[PDB]
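Chemist: Here is the sequence, then the experimental structure:
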Amino acid sequence: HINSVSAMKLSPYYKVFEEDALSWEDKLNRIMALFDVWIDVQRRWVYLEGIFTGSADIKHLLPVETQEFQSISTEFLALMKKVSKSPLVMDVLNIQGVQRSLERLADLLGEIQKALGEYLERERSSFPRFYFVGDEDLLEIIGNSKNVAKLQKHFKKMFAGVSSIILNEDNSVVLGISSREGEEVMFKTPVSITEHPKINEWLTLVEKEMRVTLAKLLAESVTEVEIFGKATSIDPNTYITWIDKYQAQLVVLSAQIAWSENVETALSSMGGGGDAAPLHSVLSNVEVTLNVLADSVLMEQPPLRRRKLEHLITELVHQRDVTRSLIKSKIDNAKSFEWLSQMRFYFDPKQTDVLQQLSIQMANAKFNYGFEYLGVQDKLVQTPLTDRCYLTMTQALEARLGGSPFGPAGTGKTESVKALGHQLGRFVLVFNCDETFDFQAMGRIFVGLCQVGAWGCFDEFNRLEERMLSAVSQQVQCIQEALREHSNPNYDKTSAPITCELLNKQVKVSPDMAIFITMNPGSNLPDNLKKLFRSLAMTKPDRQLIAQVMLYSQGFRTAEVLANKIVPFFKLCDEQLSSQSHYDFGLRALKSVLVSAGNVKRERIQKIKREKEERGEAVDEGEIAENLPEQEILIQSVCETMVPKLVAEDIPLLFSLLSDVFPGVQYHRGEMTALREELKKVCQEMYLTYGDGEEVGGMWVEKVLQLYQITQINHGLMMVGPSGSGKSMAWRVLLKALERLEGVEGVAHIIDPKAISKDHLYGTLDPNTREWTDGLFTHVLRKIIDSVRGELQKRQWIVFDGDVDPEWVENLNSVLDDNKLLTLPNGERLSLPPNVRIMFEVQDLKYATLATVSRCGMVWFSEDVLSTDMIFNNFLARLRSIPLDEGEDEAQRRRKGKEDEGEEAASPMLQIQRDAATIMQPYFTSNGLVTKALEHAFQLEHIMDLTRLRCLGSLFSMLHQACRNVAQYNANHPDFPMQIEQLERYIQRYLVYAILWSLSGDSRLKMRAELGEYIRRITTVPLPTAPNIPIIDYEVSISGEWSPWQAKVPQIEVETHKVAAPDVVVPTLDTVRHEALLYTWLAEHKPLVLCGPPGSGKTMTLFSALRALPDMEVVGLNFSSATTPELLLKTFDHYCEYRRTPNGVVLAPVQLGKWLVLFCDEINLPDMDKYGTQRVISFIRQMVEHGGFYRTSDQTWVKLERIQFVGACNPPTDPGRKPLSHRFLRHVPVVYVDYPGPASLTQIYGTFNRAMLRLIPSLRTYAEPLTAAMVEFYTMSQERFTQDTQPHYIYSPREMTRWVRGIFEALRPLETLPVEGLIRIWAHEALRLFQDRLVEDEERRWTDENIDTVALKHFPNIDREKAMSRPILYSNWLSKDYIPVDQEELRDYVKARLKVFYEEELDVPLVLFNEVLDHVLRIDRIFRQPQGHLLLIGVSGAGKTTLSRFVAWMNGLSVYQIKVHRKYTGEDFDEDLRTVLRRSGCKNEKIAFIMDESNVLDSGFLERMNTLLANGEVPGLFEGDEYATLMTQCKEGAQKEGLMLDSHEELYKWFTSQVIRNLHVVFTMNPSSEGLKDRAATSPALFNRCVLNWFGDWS
Amino acid sequence: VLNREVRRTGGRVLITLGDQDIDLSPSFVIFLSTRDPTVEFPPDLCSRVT
Amino acid sequence: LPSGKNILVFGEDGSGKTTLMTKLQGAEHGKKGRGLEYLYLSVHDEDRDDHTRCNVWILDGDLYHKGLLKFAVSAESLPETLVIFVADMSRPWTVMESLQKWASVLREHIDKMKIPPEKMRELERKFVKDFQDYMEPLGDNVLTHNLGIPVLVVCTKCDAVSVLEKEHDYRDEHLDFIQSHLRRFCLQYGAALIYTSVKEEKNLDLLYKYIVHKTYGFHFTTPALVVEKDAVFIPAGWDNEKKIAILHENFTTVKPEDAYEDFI
Ligand SMILES: Nc1ncnc2c1ncn2[C@@H]1O[C@H](COP(=O)(O)OP(=O)(O)NP(=O)(O)O)[C@@H](O)[C@H]1O
Ligand SMILES: Nc1ncnc2c1ncn2[C@@H]1O[C@H](COP(=O)(O)OP(=O)(O)NP(=O)(O)O)[C@@H](O)[C@H]1O
Ligand SMILES: Nc1ncnc2c1ncn2[C@@H]1O[C@H](COP(=O)(O)OP(=O)(O)OP(=O)(O)O)[C@@H](O)[C@H]1O
Ligand SMILES: Nc1ncnc2c1ncn2[C@@H]1O[C@H](COP(=O)(O)OP(=O)(O)O)[C@@H](O)[C@H]1O
Ligand SMILES: [Mg+2]
């Protein structure tokens, strides 16, 4: 408004309104001048409120600010109350002195915020490590100064290894620190909190005492280890006692100090004499220590001592290598470079200060050890590359330059920098640079590093974006310049307070601090820091030596050969195996595999030891370890860790590579007899095949065993096979088998994560009125944690059965990591108990982050784990024991009987289906008819992707219906039931019929014939013996013999009232076939889906077949791009209801004994997410497959009872459509409704035309000759014009119905006609429906000739000149009747009306030429028809949007045009459609709904219009009170029209009829040059629904 | 606006722009500009501009 | 004391519903009427010198009349409602059929009230606490059905046990099998169980004191009584399948898993 008034000041007509404008300008400015202040006074207050009431101790720290904030809050609350009593903007502005009061409040709140910031900065500077802590965290720390336990979680951010502080029972004295691993350092002098109450003071004392005690313990450790250094033999017990007595860090430091001092004394002693005995003594002592450690590590040790032993071995191997190198080089002076270049440790206990006692030297560099506790860190194998890294990095630090180890990913760069920093005892802080780069703390973190003294390593600094890179580069440049200022010699450091400009303050920089920048080439460092940073190429780490040292650390006798074998093997696997995201042959995987191999070796030592001990034997750990194959342990570990992840295509290649690298060594799988027996029992119980390996079903048994192994090892795992590989069945079988094996109850919580929103999944915090609402996953976790019903005793697995995406797994990363902790925005930290196992099922991990894949184990369920034979066996086993009619009441009784003795004849249905299985077994064999048919069908192309289980489920459902039909015949013939001969013939024919309709049911007619020919070639069952009829055209009667479908399709007569809208489908061959299949697949409650080209007739056939059934209650839902689970939930709330039962909450329809079936007219159309999944499709999938869903509001499982789904679609090739998920297409059987063809069209339109000609009784005899013509020419057009030539040359039976409607409207007012007039109307409708859409003139000439040819062929002896003259025109303006008129009279009338139109609505001349009068007549004709929608396509300009308006004005149609805004959501389009529909139907006001490509930029809203174009009513628009208001207005309109209606359904039908009659849609488009638009070529459904008119360009 | 699709209602001459229907003042003139000389405009805009 | 408190009384006709509630009202002659009967109990707190009323609504035995519950309780008054299921001990072979029939009818009514699921979960969690917060004057084998509202099963005419023992050959095993089934049903609804006779005046004061205790917070000191076959009293929160399993020690011809209608 302010900008618009300022612009109005420039208008030439502004002088008249000037004074008024100025007044508003003042008010407008005042309004801004108020609210610009107000939001500030709000924000700070809210912020201050969040600080001054969340912590109760802030009152004591800041009393004056607390009092000022109290006095401010009272005034602000009063002002807000006054505003609440009058929320109008103008009323608020006129409050007396609001501006000055708000300015005072802004000033005082700013002052208090400044005081709080200064206080927090003072607290940070008092204890510098708080600079690594955020504002809220620091406030929590200081506020909870007396509740020390709350501080325990923040130490991991401030200290390097301190995870907590050990405290006295009253929490008044700090006794020590503890690490994550539980290693504890007990202070020599405890820190007394009571004497130093302030948090900063006692935290500083804790840091000081940590350093002092670490130094004092290192002194004793070195003093003790000096004895081992000078001893010829080491007693293992004393060495282990020394290792236990001291921490890992001090242990490794003591070893390094002793070795360095011993080598220094040796080199001093040799002193130019050339006597190498002292270095030989040092090497001997190192080798003796290595032998002692190697013997000790094979034994069973506690985990912490095992880590200490591994660290000592890793250090002593490097020490041995260095001493051997020195002996080989004949170094004979301590100042030789070969000794100086090796890192050296000089401990001076006599130094009084405790931060300059240990000095670490390397070449020039002379660092001091900062005694920061690091816990039990992971040591690094000191390869020559890491030695080079240490040398260069220390050289750069000595020169005060920065470090830049650059190289490819996973080469140890950041880990090497961390190891170097830890070796010198300096706190390292790695900053990740992958979408987790918290900038707002980065300046604070830099200030903390500068003040406290600590290293910082940027992992992959290249990955920062350009703005982020430049800002961080500037900050690091300033820090590096401040550091380089130290190096100059002139600056005397007696008084040298170095400073750097950070966050607009002079921050003192300590010399110990340093910064490192890891980089990934492909590249260079930023130009700011190229001069200040030394770069090192860490291109290729030494795999062989790392493997050697690690394998030696685990106690392997042979490590050189094993390392030299395993290392090339991993690279061989990386190259040869097919590239997949989940494969990981990096060094982390290799080290994990080697640790697993060490664990397996130790397990074997313990197994052999206990096995011998149960017998009579003498035991020694070393002797047992000597005679074992290390290669067998290593290959076993490699296979156990890799094969579960291996795809079936890659497993034999992996075994070939393993045989090549490890010759003559084979991995025999560990035998699990008990679990295999339980698997056999459960598999027989659940009708599943079981095999002992290399049999039918061996691979699946192996995969479930691997799943058990991964569940045992990891606390999170995934199954990532393709759809239909048995992962969900395998997991269910495993849970039910461990139920028997371990006597522990298995509970499953299956969640579809993508169906539910993330907010409902993890629970959302209310932005106001703070209260927590547990999400579904959080609800389950809290339920198990509380254990009200003893859930801790039970074992529970959570299975996320849905596609994995980055968005919903962010919170789950903390749980899946080693932390095992769910953190929520509420601030609660849920600890996952050991009983929980978070599981995943995904068809693929295409959109899964590597962070998610790394944390979880995985078992790839390749599609060739479930053979066809296994599924056939499952089907035949289900048939023999599951009664097919008893349903779900007897499902529970299946578990009551372990064998069901005496229940073989449970019902006659069981006997009939058992006999049917006996007839069907020969055809289900491994090389039977079904298998060959399926293999051939996989070759055939299908519009939808052909999955094996979809076809197999369709076939099984059809056979189920076959046996049901036999049961029906037996019921209808109680005197003599079905004989086995008739049963044999019937099921043999039915199996072929079902094979065709299951496999080729998704293909065209020609390919159905092809599959029929192949079956006829390979089958033994007799087939129909009629040559020119496809097999699919035949049905199998209840008697075995075939019978054509044509016998079962009646010839009906339609009323003249409904000739073009008999929603009851005219019975045709395709319709009877499809309703038969519809009943067969609805008997099993499977979700049917039908695909086909637009206008094929799927919607009508589905509706008619569904409504024919008595029980079915149809709910018509139409899907769109914006449809979500909310639509289905709303529909359930409307028609269905939730009721509680002891089994659980059950959703059921309100009407008892009726099956509610949901029609989803366009299943394909919903938009995929960014990760290629449709939410509503996944929701429907979970409903149909799990038989229920989770009420999110209650977070509880509910089960559908009488709910079904049946969908329609266009093929996925069409532009607006998308393919469906393979986990979803498995359940649904898809039928392809192609176009009816000549015979079906002739029959349907014969019925329609016989109905239409009833008006005039002299032309009944000409019904059948006309009907062929309407078909023949139409088919000819369908053969001559295709979508390839132009995108809109689409034909369907909708054109034929439009033809029938046009002739019907022409003939309805006419009392009588001659045959020639009927031919003329037929030709006119032909031209108006087909000749208009054409683009090229010669095509129009061809249509002109062909109309005459068809007419004279089917109407002989009728003279062409009278019947059809070329200038054919029909118009209603000249005369009240729709009769032919001359060109000149119409020209004169239109010219007069156009001259009128010039001075009525728009004053622009409009010339009438020969090619625009025709368009006027066409537009008028489409306006007169019912459901008449026009699509004018043509060059820009040319009259469209000007002729449409003109004809609309002439015919009195009020023009409505949509006005799309930005943020014009689908609800706004819905409201506009509601308004126009109310005007058109209730008020009976004709409307021309004009739409243009400019405002039709979004295709999302153009699929809501398709329902209107096809049916005239869009269900779901008026839901709610709008339905009541529309019903009231509709009945008022009906009373106005003179019809008295009561029922809402009849009133809605009349409203729909009125909308058909009145509302018209005029689309205007340009030719197909809009590729850039989302429409591209708009959907062929839109072309089919409207009547297309090619405007062209002026001749 | 380039096509001058004025809708006349009494003295109010509206033109649709987004949600709003704004009054075309007589003095209004617009000049479109392009610094890029390598552009392929749609045929919709070509008929609406010189 | 709070006003507007309600008691819903359910059970077969001839069970005792009107006679029990009339006697608790201190009245000799309550007028019986087909459909939905109404009366009120006068409640006085002697420690405070204050007095209130409790509404009592009694449903007819015919399921045709279940529509009338809309005149007794609403989505607003359900938190202030106590439920009484009346079991006829002179017809024990109809007790489990009656209790399942009436609990289902009440649930079918609660589902129709469309109570906000958050308020229903508040009442459900509060009732789980009001049941676990029991102790004689978490762990679970209870509340499968979890009505989530106060529930009391009142067995009426328990003096008729003295006729079942003489005319139908009933024994301690039949009475304990009836008591175990009643207690397992009470666990499913988190309910209390009380045995009463208006003819022998058994447990009438105990029933009044328990009703006023759960409805108005009055002090209560009576422990569970499980030794007297015709005077049993079990407060909501006292029982569990282990306390029920002691009754199975008296089983010599029936099992803990056999159906109620096969034996009774
Ligand atoms: N057997 C039939 N009898 C009568 N009309 C038929 C028949 N088969 C097809 N039609 C006509 O075919 C046209 C298409 O009908 P409809 O069922 O709406 O197609 P559709 O495939 O559902 N359109 P869509 O849902 O967008 O894919 C209508 O004009 C029908 O009248
Ligand atoms: N037959 C005609 N004689 C004279 N002027 C005409 C004629 N047809 C159209 N015009 C003028 O041509 C201009 C543009 O016509 P119009 O058909 O509205 O463009 P358009 O087809 O709507 N372009 P677009 O909406 O983007 O597809 C207007 O100024 C019309 O007055
Ligand atoms: N061991 C088995 N023996 C025989 N048939 C089996 C076996 N395991 C699974 N099947 C069959 O395979 C079908 C698919 O297996 P499952 O139900 O585990 O689905 P899935 O592979 O996870 O597939 P989706 O992607 O559809 O969820 C099962 O319904 C059953 O018909
Ligand atoms: N010389 C080495 N000795 C031991 N382990 C190493 C060595 N080099 C690399 N690794 C391992 O390889 C992994 C490489 O990851 P990291 O160094 O964190 O990032 P990047 O190597 O991609 O910069 C580390 O986890 C580390 O354990
Ligand atoms: Mg699955």
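Modeler: Happy to help now that I have it. Numbering: from 1, shown residues only, chains lettered A, B, ... in the order given. Ligands and ions are numbered 1, 2, ... in the order given.
Chemist: ok, now which residue in the chain is the farthest from the centroid?
Modeler: Picked chain A for this. residue A:273 (73.6 Å; Cα atoms, centre = their mean).
Chemist: could you do chain C instead?
Modeler: Distance from the centre of chain C peaks at residue C:49, with 29.4 Å (Cα atoms, centre = their mean).
Chemist: How about the residue farthest from the centre of chain A, nearest residue that isn't a chain neighbour?
Modeler: residue A:332 (7.7 Å; Cβ to Cβ, 6 or more residues apart in numbering or on different chains). C-beta here means a position set from N, CA and C on the backbone, and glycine is covered the same way.
Chemist: now the residue of the stretch 1-150 of chain C found nearest ligand 3, what's its secondary structure?
Modeler: Closest residue of the stretch 1-150 of chain C to ligand 3, Cβ to the nearest ligand atom: residue C:144 (29.2 Å). Put simply, residue C:144 is coil when judged by DSSP: H, G, I helix; E, B strand; the rest coil.
Chemist: Could you tell me how many residues sit around it?
Modeler: Neighbourhood size, residue C:144 [other Cβ atoms under 10 Å in any protein chain shown]: 13.
Chemist: Just give the nearest non-adjacent residue to it, would you?
Modeler: Spatial nearest neighbour of residue C:144, excluding adjacent residues (Cβ to Cβ, 6+ apart): residue C:188 at 4.7 Å.
Chemist: Which element, helix or strand, includes the closest residue to ligand 2 within chain B?
Modeler: Taking Cβ to the nearest ligand atom as the measure, chain B has residue B:44 as its residue closest to ligand 2, at 4.7 Å. Using DSSP states H and E, residue B:44 falls within helix B:43-47.
Chemist: what about that helix, distance to the chain center?
Modeler: Mean-position distance between helix B:43-47 and its chain equals 12 Å (Cα atoms, centre = their mean, to the nearest Å).
Chemist: so the residue of the stretch 1-150 of chain C closest to ligand 3 touches residue C:185, yeah?
Modeler: No: assessed by Cβ atoms under 8 Å, residue C:144 is found out of contact with residue C:185, at 10.0 Å.
Chemist: Just give the closest residue to residue 14, not the sequence neighbours.
Modeler: In the absence of a named chain, chain A is used. Leaving aside its sequence neighbours, residue A:14 sits nearest to residue A:8 (Cβ to Cβ, 6+ apart; 6.0 Å).
Chemist: try again with chain C
Modeler: Leaving aside its chain neighbours, residue C:14 sits nearest to residue C:88 (6.8 Å; criterion: Cβ to Cβ, 6+ apart).
Chemist: who's in contact with the one you found?
Modeler: Neighbouring residues of residue C:88 by Cβ atoms under 8 Å, 6 or more residues apart in numbering or on different chains: C:11-12, C:14-16, C:94-95, C:98, C:156-157.
Chemist: can you pull out the strands in the stretch 151-264 of chain C?
Modeler: Listed in chain order, the strands of the stretch 151-264 of chain C (DSSP state E, counting those that start in this stretch) span C:151-156, C:192-195, C:233-234.
Chemist: got it, and the stretch 851-1000 of chain A?
Modeler: According to DSSP E, counting those that start in this stretch, the stretch 851-1000 of chain A carries its strands in the segments A:857-859.
Chemist: Might you enumerate the residues of it proximal to ligand 3?
Modeler: The stretch 851-1000 of chain A has residues A:866, A:870-871, A:874, A:949 near ligand 3, with proximity defined as Cβ under 6 Å from any ligand atom.
Chemist: just checking, what's the longest strand in chain B?
Modeler: Among the segments of chain B that qualify as a strand by DSSP state E, the longest is strand B:12-17.
Chemist: For ligand 1, see how far away the residue farthest from the centre of chain A is.
Modeler: The gap separating residue A:273 from ligand 1 is 100 Å, by Cβ to the nearest ligand atom, to the nearest Å.
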